[PDB]
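Below is one structure; the comments refer to it alone.
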Amino acid sequence: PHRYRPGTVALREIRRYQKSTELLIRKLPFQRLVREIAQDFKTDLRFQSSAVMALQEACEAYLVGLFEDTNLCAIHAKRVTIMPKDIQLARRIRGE
Amino acid sequence: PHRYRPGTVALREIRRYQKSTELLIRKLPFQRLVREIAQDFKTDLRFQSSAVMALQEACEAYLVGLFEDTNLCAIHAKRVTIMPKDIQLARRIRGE
Amino acid sequence: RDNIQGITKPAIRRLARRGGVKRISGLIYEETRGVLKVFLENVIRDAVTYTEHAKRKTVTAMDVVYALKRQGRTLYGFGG
Amino acid sequence: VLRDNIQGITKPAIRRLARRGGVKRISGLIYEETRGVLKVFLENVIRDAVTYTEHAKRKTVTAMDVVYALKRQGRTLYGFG
Amino acid sequence: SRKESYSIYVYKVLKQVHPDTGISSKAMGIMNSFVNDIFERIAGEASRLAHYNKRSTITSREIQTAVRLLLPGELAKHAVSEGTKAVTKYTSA
Amino acid sequence: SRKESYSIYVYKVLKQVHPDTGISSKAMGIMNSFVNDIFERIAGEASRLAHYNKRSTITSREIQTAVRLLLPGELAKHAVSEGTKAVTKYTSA
DNA sequence: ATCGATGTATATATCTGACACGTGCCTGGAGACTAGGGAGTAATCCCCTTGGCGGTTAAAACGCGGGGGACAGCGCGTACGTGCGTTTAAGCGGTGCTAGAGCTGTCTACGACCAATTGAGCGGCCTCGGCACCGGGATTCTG
DNA sequence: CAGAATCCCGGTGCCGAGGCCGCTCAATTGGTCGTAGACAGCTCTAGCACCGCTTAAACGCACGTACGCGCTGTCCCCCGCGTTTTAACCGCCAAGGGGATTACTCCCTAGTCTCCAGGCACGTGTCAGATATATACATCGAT
């Protein structure tokens with residue numbers, strides 16, 4: 001059967017997800033995680049349907065931006081694979 | 001004659017200048033530069049004696065911080081010589 | 001609890017793909033989970049503080065908008 | 001008018017600043033990049049300082065105008081009142 | 001209760017720039033938030049500028065200076081002309 | 001005419017913590033600017049909290065929440081503890 | 001297996017003006033009374049958020065063929081640092097003037113506040129077509 | 001040069017955008033008058049200019065070896081493909097905890113005249129810190 005060489009599909013996916021607009025995190029797992037973390041500060045809290053969506057949009061934007069910055073640091077070392085030290089360097093330089 | 005090996009004087013200067021607190025740029029050449037640039041916006045400007053000092057302190061602290069940041073991204077490439085691309089990369093990641 | 005495991009590997013891959021990353025090392029996942037957890041913790045602490053000041057029991061979208069606004073990032077589309 | 005004074009930021013001063021930052025070895029091209037960066041930095045601060053000066057209808061630039069200009073960018077400087 | 005918004009004004013402007021084009025509800029909510037954002041930034045800077053001069057009244061000079069300080073060069077260059085023309089026509093009426 | 005600064009109160013505290021040390025005018029300038037900075041940050045945050053809830057007055061509840069938001073966890077706990085202690089002594093005076 | 005040429009630190013006595021303090025004085029915090037509207041209370045309405053039953057699938061988890069990337073070695077030449085003599089002009093100390101920051105002093109143009117008025121705005125119901133989802137087809141580009 | 005994957009022509013049908021109607025309370029015109037800041041006049045701070053003596057710093061230089069960069073080498077951490085099996089998806093129905101609004105009322109702050117003392121400048125002096133000379137000994141270097 002026909003088989004694509006390594007990386008052809010990665011580029012196709014890159015184009016697909018750069019052209020799309022939908023959310024990428026599963027709604028239920030995120031909602032359960034939010035309800036779990038909030039329990040340490042105050043018990044029996046309640047959340048409106050739009051608050052979880054606002055938190056999801058902010059978190060997704062933050063991670064996308066951090067990955068964009070990490071990609072520059074990876075190319076600078078003449079590597080292609082991103083590694084934890086690259087994230088650590090980007091975060092240190094950003095002053096987080 | 002007598003002659004030290006490469007780098008020992010550099011290290012001695014590093015240990016010296018991190019202990020001291022004086023200014024490193026000449027006061028008068030800098031005052032001329034400040035009166036040079038300000039004239040492009042308005043003529044006959046005057047500067048209080050302390051304003052030039054405030055600008056010099058801000059500029060020196062800024063260059064020192066930029067070089068400190070540049071050094072981290074320089075070591076990451078397994079090099080010891082800093083080069084222009086390190087400054088350009090640091091400024092790009094800082095978002096300015 | 002195990003709820004942190006709900007952010008499966010494919011979701012992280014999709015996020016990395018949107019950022020243009022072509023090849024990803026297998027250790028990036030635990031670091032990404034650690035980075036996300038502290039961000040969520042930071043935002044929720046502020047949101048819950050605003051909720052508690054109002055004597056409410058339900059957390060509204062305005063409290064999240066103000067938390068993000070204080071951290072220095074502004075969100076458009078949910079209110080305010 | 002001064003046709004050119006930015007040449008007055010000498011190579012030794014730049015080396016000393018890199019030394020305070022812990023830089024051990026410096027490439028020969030760093031000097032012109034550093035001059036360009038410093039000039040770009042100074043223009044942005046001076047434009048605001050002059051803007052406050054003109055708004056106040058004064059003719060003398062004052063330390064406080066620089067303090068407020070620096071504050072707007074988030075670089076509050078302590079020591080000059 | 002009744003909630004105020006600029007939605008009708010945003011629609012009138014859109015109909016003047018593109019009579020055949022329409023706008024969805026999400027875009028109306030975004031524009032309605034963006035307007036309040038810029039409003040708070042300009043009013044904030046005008047407030048700081050008033051105290052440093054010991055003045056008790058905000059005037060058009062404070063707005064003009066705040067606009068020149070916040071917006072980049074070309075945008076400020078056009079906006080200042082728009083405001084000057086508007087105030088001149090209003091006073092002439 | 002007569003200016004106003006915190007140099008006296010800073011000196012009283014200095015002589016209470018370390019009765020044998022003095023302070024240069026250069027250090028006094030930094031201590032004077034530090035107080036104006038934190039004062040402005042807290043009053044700003046308290047005003048925003050009061051406006052969002054549609055309240056006309058600023059009370060200790062606003063100050064306590066602002067303190068819990070601006071200061072880190074360890075500084076906030078002690079500051080709030082002694083703030084409430086002081087308020088209790090004042091109200092009981 | 002080592003030792004001596006260099007540089008740092010530290011120990012002591014002298015000078016001189018920065019900071020602590022004492023005298024002076026004036027403007028702004030405390031005492032005391034008053035008015036009212038802002039805040040704090042319970043009751044009520046009512047809507048929406050918390051949970052389960054059902055079921056059928058979009059998506060995650062499991063193996064592995066095998067690749068092109070990350071990592072190291074030796075090799076080597078030229079960019080940069082170190083050591084020196086010449087000479088520039090900043091630094092410092094002093095003299096003269098005045099642009100212009102700053103302040104007191106005069107008064108009227110501008111605004112806040114009350115009241116009656118009314119139409120531009122928001123609340124809800126209606127409707128119909130750009131959009132959306134589907135199928136079957138033509139065309140692309142990688143290999 | 002085969003063909004998996006892609007882009008999109010064309011049909012049905014829907015529910016959201018546009019549009020209308022209802023009716024209220026935010027915005028308008030008019031009058032009153034108390035005072036913030038626009039303005040003139042006057043003062044004297046410190047900023048601008050000018051000169052000569054000194055030598056720390058700067059330039060321009062010689063030069064040699066440490067670092068930046070390059071190929072040859074490799075071995076395995078992952079990309080892409082398929083099967084299992086799942087728990088996430090929609091969809092329909094529960095129901096009372098909590099938010100939103102109303103009317104009551106009391107205690108809290110703002111606002112005012114009175115008045116007297118805390119802390120804002122001026123003056124003074126003395127000893128803390130800046131300075132010059134000598135040397136213990138560590139470190140770096142070639143053999």
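Residues in the structure tokens are numbered from 1 in each chain, the chains being A, B, ... in the order shown, and ligands are numbered from 1 in the order shown.
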
Exercise for review: Just list the residues in chain D DSSP gives alpha helix (DSSP H) on the backbone, as a PyMOL selection string.
Suggested key: chain D and resi 11-20+30-55+63-72

Exercise for review: Determine, counting only C-alpha atoms (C1' of nucleotides), which protein, DNA and RNA residues have an atom within 12 Å of an atom of residue 43 (chain F); residues of the same chain fewer than 4 positions away are not included. Present the result as a PyMOL selection string.
Suggested key: chain F and resi 36-39+47-50+58-60+62-67+70

Counting only C-alpha atoms (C1' of nucleotides), which residues of chain A sit at most 12 Å from some atom of chain H, and what is each one's closest atom pair with its distance in Å to one decimal, listed by chain and rising residue number, as CSV?
```
residue,atom,partner,partner_atom,distance
A:1,CA,H:4,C1',9.8
A:2,CA,H:4,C1',7.4
A:3,CA,H:80,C1',8.3
A:4,CA,H:80,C1',7.9
A:5,CA,H:80,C1',8.3
A:6,CA,H:79,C1',5.8
A:7,CA,H:79,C1',7.3
A:8,CA,H:80,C1',9.9
A:9,CA,H:80,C1',8.3
A:10,CA,H:79,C1',8.7
A:12,CA,H:5,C1',10.7
A:26,CA,H:88,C1',8.9
A:27,CA,H:88,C1',9.5
A:28,CA,H:88,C1',8.2
A:29,CA,H:88,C1',9.9
A:44,CA,H:97,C1',11.9
A:45,CA,H:98,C1',11.9
A:46,CA,H:98,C1',10.3
A:81,CA,H:78,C1',10.2
```

**Study point:** All residues 12 Å or closer to region 114-116 of chain H, only C-alpha atoms (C1' of nucleotides), same chain fewer than 3 positions away omitted, as a ChimeraX atom specification
**Key:** /G:26-32

Mobile chain F placed on reference chain E by ordered C-alpha fit, as a compact mmCIF listing (two decimals) with N, CA, C and O atoms, in the first residue's frame:
```txt
# COMPACT_ATOMS: atom_id res chain seq x y z
N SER F 1 -32.09 46.91 35.73
CA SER F 1 -32.92 46.10 34.79
C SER F 1 -32.41 46.24 33.36
O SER F 1 -31.63 45.41 32.88
N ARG F 2 -32.84 47.30 32.67
CA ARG F 2 -32.41 47.52 31.30
C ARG F 2 -30.89 47.61 31.24
O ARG F 2 -30.28 48.41 31.96
N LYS F 3 -30.29 46.79 30.39
CA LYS F 3 -28.84 46.79 30.24
C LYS F 3 -28.42 47.92 29.30
O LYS F 3 -29.24 48.72 28.86
N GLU F 4 -27.13 47.99 29.02
CA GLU F 4 -26.61 49.05 28.17
C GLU F 4 -25.40 48.54 27.40
O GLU F 4 -24.47 47.99 28.00
N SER F 5 -25.41 48.71 26.08
CA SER F 5 -24.30 48.27 25.24
C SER F 5 -24.25 49.16 24.00
O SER F 5 -25.20 49.88 23.69
N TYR F 6 -23.12 49.09 23.29
CA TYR F 6 -22.88 49.89 22.10
C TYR F 6 -23.31 49.23 20.80
O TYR F 6 -22.95 49.72 19.72
N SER F 7 -24.05 48.12 20.86
CA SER F 7 -24.38 47.39 19.64
C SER F 7 -25.07 48.24 18.58
O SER F 7 -24.80 48.08 17.38
N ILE F 8 -25.91 49.20 18.98
CA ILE F 8 -26.59 50.04 18.01
C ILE F 8 -25.61 50.91 17.24
O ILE F 8 -25.66 51.00 16.01
N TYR F 9 -24.72 51.59 17.96
CA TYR F 9 -23.77 52.48 17.31
C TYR F 9 -22.79 51.71 16.44
O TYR F 9 -22.43 52.17 15.35
N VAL F 10 -22.40 50.52 16.88
CA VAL F 10 -21.53 49.69 16.05
C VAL F 10 -22.26 49.32 14.77
O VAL F 10 -21.67 49.31 13.69
N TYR F 11 -23.56 49.02 14.88
CA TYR F 11 -24.33 48.68 13.68
C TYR F 11 -24.45 49.87 12.74
O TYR F 11 -24.35 49.71 11.52
N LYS F 12 -24.67 51.07 13.28
CA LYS F 12 -24.73 52.25 12.42
C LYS F 12 -23.42 52.45 11.67
O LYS F 12 -23.41 52.68 10.45
N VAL F 13 -22.29 52.29 12.36
CA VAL F 13 -21.02 52.47 11.68
C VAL F 13 -20.84 51.39 10.62
O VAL F 13 -20.39 51.66 9.51
N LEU F 14 -21.16 50.14 10.97
CA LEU F 14 -21.02 49.06 10.01
C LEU F 14 -21.82 49.35 8.74
O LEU F 14 -21.32 49.17 7.63
N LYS F 15 -23.07 49.80 8.90
CA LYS F 15 -23.90 50.11 7.74
C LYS F 15 -23.43 51.35 7.00
O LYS F 15 -23.87 51.57 5.87
N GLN F 16 -22.56 52.15 7.60
CA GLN F 16 -22.02 53.29 6.86
C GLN F 16 -20.76 52.90 6.09
O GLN F 16 -20.55 53.39 4.97
N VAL F 17 -19.93 52.04 6.66
CA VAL F 17 -18.71 51.59 5.99
C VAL F 17 -19.05 50.57 4.91
O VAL F 17 -18.59 50.68 3.77
N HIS F 18 -19.85 49.57 5.26
CA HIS F 18 -20.25 48.49 4.35
C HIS F 18 -21.73 48.24 4.54
O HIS F 18 -22.14 47.50 5.45
N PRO F 19 -22.58 48.85 3.71
CA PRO F 19 -24.04 48.71 3.87
C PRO F 19 -24.60 47.35 3.50
O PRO F 19 -25.82 47.16 3.62
N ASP F 20 -23.79 46.39 3.05
CA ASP F 20 -24.29 45.10 2.61
C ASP F 20 -23.88 43.93 3.50
O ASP F 20 -24.21 42.79 3.18
N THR F 21 -23.18 44.18 4.60
CA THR F 21 -22.67 43.12 5.47
C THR F 21 -23.35 43.17 6.84
O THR F 21 -23.76 44.23 7.31
N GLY F 22 -23.47 41.99 7.46
CA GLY F 22 -24.04 41.87 8.79
C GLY F 22 -22.98 41.35 9.75
O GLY F 22 -21.88 40.96 9.35
N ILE F 23 -23.33 41.34 11.04
CA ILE F 23 -22.39 40.93 12.08
C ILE F 23 -23.03 39.97 13.07
O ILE F 23 -24.16 40.18 13.53
N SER F 24 -22.30 38.90 13.39
CA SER F 24 -22.74 37.88 14.34
C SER F 24 -22.64 38.39 15.77
O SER F 24 -21.85 39.27 16.09
N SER F 25 -23.45 37.79 16.65
CA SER F 25 -23.42 38.17 18.06
C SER F 25 -22.05 37.94 18.68
O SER F 25 -21.64 38.69 19.58
N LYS F 26 -21.31 36.94 18.20
CA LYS F 26 -19.97 36.69 18.74
C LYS F 26 -19.02 37.83 18.39
O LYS F 26 -18.19 38.21 19.22
N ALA F 27 -19.12 38.38 17.19
CA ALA F 27 -18.28 39.53 16.86
C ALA F 27 -18.75 40.76 17.63
O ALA F 27 -17.93 41.59 18.04
N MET F 28 -20.06 40.90 17.81
CA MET F 28 -20.58 42.02 18.58
C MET F 28 -20.03 42.02 20.00
O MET F 28 -19.76 43.08 20.57
N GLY F 29 -19.87 40.84 20.61
CA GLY F 29 -19.32 40.80 21.96
C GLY F 29 -17.90 41.34 22.04
O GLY F 29 -17.56 42.11 22.95
N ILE F 30 -17.08 41.02 21.04
CA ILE F 30 -15.71 41.53 21.02
C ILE F 30 -15.71 43.03 20.79
O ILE F 30 -14.95 43.77 21.44
N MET F 31 -16.56 43.51 19.89
CA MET F 31 -16.62 44.95 19.68
C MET F 31 -17.09 45.68 20.92
O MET F 31 -16.65 46.80 21.18
N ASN F 32 -18.00 45.09 21.69
CA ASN F 32 -18.45 45.75 22.91
C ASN F 32 -17.36 45.80 23.98
O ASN F 32 -17.25 46.79 24.70
N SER F 33 -16.56 44.74 24.11
CA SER F 33 -15.50 44.77 25.13
C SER F 33 -14.33 45.69 24.74
O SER F 33 -13.71 46.32 25.61
N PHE F 34 -14.05 45.81 23.44
CA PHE F 34 -12.98 46.67 22.96
C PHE F 34 -13.17 48.14 23.36
O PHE F 34 -12.23 48.81 23.80
N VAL F 35 -14.40 48.65 23.21
CA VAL F 35 -14.68 50.04 23.55
C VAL F 35 -14.50 50.29 25.04
O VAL F 35 -13.91 51.30 25.44
N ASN F 36 -14.96 49.38 25.88
CA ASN F 36 -14.78 49.57 27.31
C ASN F 36 -13.30 49.55 27.69
O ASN F 36 -12.86 50.35 28.53
N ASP F 37 -12.50 48.76 26.98
CA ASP F 37 -11.07 48.73 27.28
C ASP F 37 -10.39 50.06 26.96
O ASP F 37 -9.74 50.67 27.83
N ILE F 38 -10.49 50.52 25.72
CA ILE F 38 -9.81 51.78 25.38
C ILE F 38 -10.36 52.95 26.20
O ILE F 38 -9.61 53.84 26.62
N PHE F 39 -11.67 52.97 26.45
CA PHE F 39 -12.23 54.03 27.28
C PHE F 39 -11.59 54.08 28.65
O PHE F 39 -11.21 55.15 29.14
N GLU F 40 -11.41 52.92 29.29
CA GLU F 40 -10.81 52.94 30.61
C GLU F 40 -9.34 53.35 30.57
O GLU F 40 -8.89 54.13 31.43
N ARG F 41 -8.58 52.92 29.56
CA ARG F 41 -7.18 53.34 29.50
C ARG F 41 -7.04 54.85 29.37
O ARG F 41 -6.27 55.49 30.11
N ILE F 42 -7.78 55.46 28.45
CA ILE F 42 -7.67 56.91 28.27
C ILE F 42 -8.13 57.66 29.51
O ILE F 42 -7.46 58.61 29.94
N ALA F 43 -9.27 57.29 30.10
CA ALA F 43 -9.69 58.04 31.28
C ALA F 43 -8.67 57.91 32.41
O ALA F 43 -8.40 58.89 33.13
N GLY F 44 -8.04 56.75 32.54
CA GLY F 44 -7.02 56.59 33.57
C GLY F 44 -5.84 57.53 33.38
O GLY F 44 -5.44 58.27 34.29
N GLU F 45 -5.27 57.53 32.17
CA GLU F 45 -4.12 58.38 31.92
C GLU F 45 -4.46 59.86 32.08
O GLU F 45 -3.67 60.64 32.64
N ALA F 46 -5.64 60.27 31.61
CA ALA F 46 -6.03 61.66 31.77
C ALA F 46 -6.14 62.05 33.24
O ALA F 46 -5.75 63.16 33.63
N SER F 47 -6.62 61.13 34.08
CA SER F 47 -6.70 61.46 35.51
C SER F 47 -5.31 61.62 36.12
O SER F 47 -5.10 62.52 36.95
N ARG F 48 -4.35 60.78 35.73
CA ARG F 48 -3.01 60.98 36.29
C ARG F 48 -2.41 62.32 35.87
O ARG F 48 -1.85 63.05 36.70
N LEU F 49 -2.52 62.66 34.58
CA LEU F 49 -2.00 63.96 34.14
C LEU F 49 -2.64 65.11 34.90
O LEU F 49 -1.95 66.05 35.31
N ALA F 50 -3.95 65.06 35.10
CA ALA F 50 -4.61 66.15 35.82
C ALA F 50 -4.14 66.23 37.27
O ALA F 50 -3.94 67.33 37.79
N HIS F 51 -3.95 65.09 37.94
CA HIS F 51 -3.49 65.14 39.33
C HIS F 51 -2.08 65.69 39.48
O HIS F 51 -1.83 66.51 40.37
N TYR F 52 -1.13 65.27 38.64
CA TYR F 52 0.24 65.77 38.80
C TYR F 52 0.34 67.29 38.67
O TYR F 52 1.14 67.92 39.37
N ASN F 53 -0.45 67.90 37.79
CA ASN F 53 -0.40 69.36 37.66
C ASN F 53 -1.26 70.07 38.69
O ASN F 53 -1.31 71.30 38.68
N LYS F 54 -1.94 69.33 39.56
CA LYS F 54 -2.80 69.93 40.58
C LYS F 54 -3.91 70.77 39.95
O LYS F 54 -4.06 71.96 40.24
N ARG F 55 -4.68 70.12 39.09
CA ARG F 55 -5.80 70.76 38.42
C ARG F 55 -7.08 70.02 38.82
O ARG F 55 -7.07 68.81 39.03
N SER F 56 -8.17 70.77 38.91
CA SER F 56 -9.46 70.21 39.32
C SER F 56 -10.34 69.73 38.17
O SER F 56 -11.32 69.03 38.44
N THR F 57 -10.05 70.09 36.93
CA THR F 57 -10.92 69.75 35.81
C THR F 57 -10.17 69.04 34.71
O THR F 57 -8.96 69.22 34.54
N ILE F 58 -10.90 68.23 33.95
CA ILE F 58 -10.36 67.52 32.79
C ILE F 58 -10.82 68.26 31.54
O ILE F 58 -12.02 68.51 31.35
N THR F 59 -9.86 68.63 30.68
CA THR F 59 -10.13 69.38 29.47
C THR F 59 -9.51 68.69 28.27
O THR F 59 -8.75 67.73 28.39
N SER F 60 -9.83 69.23 27.09
CA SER F 60 -9.35 68.67 25.83
C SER F 60 -7.83 68.57 25.78
O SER F 60 -7.29 67.72 25.06
N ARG F 61 -7.12 69.42 26.52
CA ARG F 61 -5.66 69.31 26.58
C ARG F 61 -5.23 67.99 27.20
O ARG F 61 -4.30 67.34 26.71
N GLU F 62 -5.96 67.53 28.21
CA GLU F 62 -5.62 66.26 28.83
C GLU F 62 -5.85 65.12 27.86
O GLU F 62 -5.01 64.22 27.72
N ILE F 63 -6.98 65.16 27.16
CA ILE F 63 -7.33 64.12 26.21
C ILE F 63 -6.31 64.06 25.08
O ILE F 63 -5.86 62.98 24.68
N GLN F 64 -5.95 65.22 24.53
CA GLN F 64 -4.96 65.26 23.45
C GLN F 64 -3.60 64.72 23.88
O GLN F 64 -2.97 63.94 23.14
N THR F 65 -3.14 65.06 25.08
CA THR F 65 -1.86 64.51 25.51
C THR F 65 -1.96 63.01 25.73
O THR F 65 -1.07 62.25 25.33
N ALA F 66 -3.06 62.55 26.35
CA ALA F 66 -3.22 61.13 26.57
C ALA F 66 -3.25 60.38 25.25
O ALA F 66 -2.65 59.31 25.13
N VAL F 67 -3.95 60.92 24.26
CA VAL F 67 -4.01 60.30 22.95
C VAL F 67 -2.62 60.23 22.33
O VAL F 67 -2.24 59.21 21.74
N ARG F 68 -1.84 61.30 22.45
CA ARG F 68 -0.50 61.29 21.89
C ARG F 68 0.39 60.26 22.58
O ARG F 68 1.34 59.75 21.98
N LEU F 69 0.10 59.96 23.85
CA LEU F 69 0.89 58.96 24.57
C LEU F 69 0.47 57.52 24.29
O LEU F 69 1.33 56.66 24.09
N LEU F 70 -0.84 57.23 24.28
CA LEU F 70 -1.29 55.85 24.12
C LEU F 70 -1.33 55.39 22.67
O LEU F 70 -0.89 54.27 22.37
N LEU F 71 -1.80 56.17 21.80
CA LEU F 71 -1.86 55.67 20.44
C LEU F 71 -0.55 55.88 19.70
O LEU F 71 0.15 56.88 19.92
N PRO F 72 -0.18 54.96 18.82
CA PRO F 72 1.01 55.15 17.99
C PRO F 72 0.93 56.40 17.13
O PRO F 72 -0.12 57.00 16.92
N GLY F 73 2.10 56.77 16.61
CA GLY F 73 2.25 58.01 15.86
C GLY F 73 1.26 58.22 14.72
O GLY F 73 0.74 59.32 14.55
N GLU F 74 0.99 57.19 13.93
CA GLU F 74 0.08 57.42 12.81
C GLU F 74 -1.38 57.47 13.24
O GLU F 74 -2.14 58.29 12.71
N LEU F 75 -1.80 56.64 14.18
CA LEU F 75 -3.19 56.70 14.62
C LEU F 75 -3.47 58.01 15.36
O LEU F 75 -4.54 58.61 15.20
N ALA F 76 -2.50 58.46 16.15
CA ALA F 76 -2.65 59.69 16.93
C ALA F 76 -2.86 60.91 16.05
O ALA F 76 -3.72 61.75 16.33
N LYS F 77 -2.08 61.05 14.98
CA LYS F 77 -2.20 62.23 14.13
C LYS F 77 -3.60 62.36 13.54
O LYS F 77 -4.23 63.42 13.64
N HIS F 78 -4.13 61.28 12.99
CA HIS F 78 -5.46 61.33 12.40
C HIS F 78 -6.52 61.53 13.47
O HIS F 78 -7.45 62.34 13.31
N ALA F 79 -6.44 60.77 14.57
CA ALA F 79 -7.43 60.89 15.62
C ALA F 79 -7.48 62.31 16.16
O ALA F 79 -8.56 62.89 16.31
N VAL F 80 -6.32 62.90 16.44
CA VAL F 80 -6.28 64.27 16.94
C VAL F 80 -6.82 65.24 15.91
O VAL F 80 -7.55 66.18 16.24
N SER F 81 -6.50 65.02 14.63
CA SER F 81 -6.99 65.93 13.60
C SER F 81 -8.51 65.96 13.60
O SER F 81 -9.12 67.03 13.69
N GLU F 82 -9.13 64.79 13.56
CA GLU F 82 -10.59 64.79 13.49
C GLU F 82 -11.21 65.16 14.83
O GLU F 82 -12.32 65.70 14.86
N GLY F 83 -10.53 64.89 15.94
CA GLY F 83 -11.05 65.32 17.22
C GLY F 83 -11.14 66.83 17.30
O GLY F 83 -12.16 67.39 17.71
N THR F 84 -10.08 67.51 16.86
CA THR F 84 -10.11 68.96 16.84
C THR F 84 -11.12 69.48 15.84
O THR F 84 -11.78 70.49 16.10
N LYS F 85 -11.28 68.79 14.71
CA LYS F 85 -12.28 69.22 13.74
C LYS F 85 -13.68 69.14 14.34
O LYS F 85 -14.49 70.06 14.21
N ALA F 86 -13.97 68.03 15.02
CA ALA F 86 -15.25 67.85 15.68
C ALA F 86 -15.48 68.92 16.74
O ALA F 86 -16.56 69.49 16.84
N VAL F 87 -14.47 69.16 17.58
CA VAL F 87 -14.60 70.18 18.61
C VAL F 87 -14.84 71.55 17.99
O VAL F 87 -15.64 72.34 18.50
N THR F 88 -14.17 71.84 16.88
CA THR F 88 -14.39 73.12 16.21
C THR F 88 -15.81 73.24 15.70
O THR F 88 -16.46 74.28 15.88
N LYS F 89 -16.34 72.17 15.12
CA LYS F 89 -17.72 72.21 14.64
C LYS F 89 -18.70 72.37 15.80
O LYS F 89 -19.66 73.13 15.70
N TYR F 90 -18.46 71.67 16.90
CA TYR F 90 -19.35 71.78 18.06
C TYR F 90 -19.32 73.18 18.64
O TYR F 90 -20.37 73.77 18.92
N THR F 91 -18.12 73.74 18.82
CA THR F 91 -18.01 75.08 19.39
C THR F 91 -18.57 76.13 18.45
O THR F 91 -19.02 77.18 18.91
N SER F 92 -18.56 75.86 17.15
CA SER F 92 -19.09 76.81 16.18
C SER F 92 -20.57 76.59 15.90
O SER F 92 -21.18 77.40 15.20
N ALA F 93 -21.15 75.51 16.41
CA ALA F 93 -22.56 75.24 16.22
C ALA F 93 -23.39 76.32 16.90
O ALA F 93 -23.42 76.40 18.13
```

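Rounded to one decimal, CA of residue 1 (chain C) and CA of residue 36 (chain C) lie 15.6 Å from each other.
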
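Near chain B, counting only C-alpha atoms (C1' of nucleotides) at 12 Å, the chain G residues are residues 5, 6, 7, 8, 79, 80, 81, 82, 83, 84, 89, 90, 91, 99, 100 and 101 of chain G.
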
Take the selection from the previous step and output its residues with C-alpha atoms (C1' of nucleotides), as a PDB file, in the first residue's frame.
```
ATOM      1  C1'  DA G   5      57.237  37.077  40.805  1.00  0.00           C
ATOM      2  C1'  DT G   6      52.525  39.576  41.382  1.00  0.00           C
ATOM      3  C1'  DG G   7      48.464  41.088  43.435  1.00  0.00           C
ATOM      4  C1'  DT G   8      45.243  41.245  47.051  1.00  0.00           C
ATOM      5  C1'  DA G  79      39.927  35.846  16.101  1.00  0.00           C
ATOM      6  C1'  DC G  80      40.532  37.684  20.152  1.00  0.00           C
ATOM      7  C1'  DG G  81      43.223  38.931  24.611  1.00  0.00           C
ATOM      8  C1'  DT G  82      47.315  40.450  26.777  1.00  0.00           C
ATOM      9  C1'  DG G  83      51.502  43.976  27.241  1.00  0.00           C
ATOM     10  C1'  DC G  84      53.350  48.474  25.640  1.00  0.00           C
ATOM     11  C1'  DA G  89      40.564  65.871  26.675  1.00  0.00           C
ATOM     12  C1'  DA G  90      37.933  64.879  30.634  1.00  0.00           C
ATOM     13  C1'  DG G  91      38.240  66.308  35.197  1.00  0.00           C
ATOM     14  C1'  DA G  99      17.162  82.668  30.819  1.00  0.00           C
ATOM     15  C1'  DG G 100      13.462  81.304  33.006  1.00  0.00           C
ATOM     16  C1'  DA G 101      11.256  78.438  37.286  1.00  0.00           C
TER      17       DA G 101
END
```

Residue 1 (chain D): which residues within 9 Å, counting only C-alpha atoms (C1' of nucleotides), same-chain residues fewer than 2 positions away excluded, as a compact mmCIF listing (two decimals) with C-alpha atoms, in the first residue's frame?
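Just written: part_6.txt:
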```txt
# COMPACT_ATOMS: atom_id res chain seq x y z
CA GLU B 36 21.87 65.78 20.39
CA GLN B 39 16.81 68.62 19.60
CA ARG D 3 26.27 66.36 13.46
CA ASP D 4 27.49 63.22 15.25
```

Identify all chain C residues at most 10 Å from chain F by counting only C-alpha atoms; ligands do not count. Present them as a JSON list (two decimals) with C-alpha atoms, in the first residue's frame.
```
[["chain", "number", "residue", "atom", "x", "y", "z"],
["C", 45, "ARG", "CA", -6.87, 31.48, 43.85],
["C", 46, "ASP", "CA", -7.72, 35.00, 42.65],
["C", 49, "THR", "CA", -10.90, 35.34, 46.48],
["C", 50, "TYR", "CA", -13.20, 37.60, 44.47],
["C", 52, "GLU", "CA", -15.59, 34.97, 48.62],
["C", 53, "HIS", "CA", -15.51, 38.76, 48.99],
["C", 54, "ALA", "CA", -18.96, 39.03, 47.35],
["C", 62, "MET", "CA", -16.71, 38.16, 35.75],
["C", 66, "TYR", "CA", -10.93, 40.15, 36.67],
["C", 70, "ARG", "CA", -4.94, 41.45, 37.27]]
```

Identify every residue of chain A that has at least one atom within 7 Å of any atom of chain B, counting only C-alpha atoms, and report the result as a short mmCIF file (atom, residue, chain, number, x, y, z; two decimals) with N, CA and C atoms, in the first residue's frame.
```
data_model
loop_
_atom_site.label_atom_id
_atom_site.label_comp_id
_atom_site.auth_asym_id
_atom_site.auth_seq_id
_atom_site.Cartn_x
_atom_site.Cartn_y
_atom_site.Cartn_z
N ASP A 69 7.09 30.22 21.57
CA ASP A 69 8.40 30.69 22.00
C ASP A 69 9.41 29.55 22.10
N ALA A 77 19.64 25.93 18.80
CA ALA A 77 20.67 24.95 19.12
C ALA A 77 20.92 23.98 17.97
N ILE A 93 14.03 33.07 30.67
CA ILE A 93 14.25 34.33 29.96
C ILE A 93 13.01 35.21 30.02
N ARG A 94 11.83 34.60 29.96
CA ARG A 94 10.60 35.37 30.06
C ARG A 94 10.42 35.98 31.44
#
```
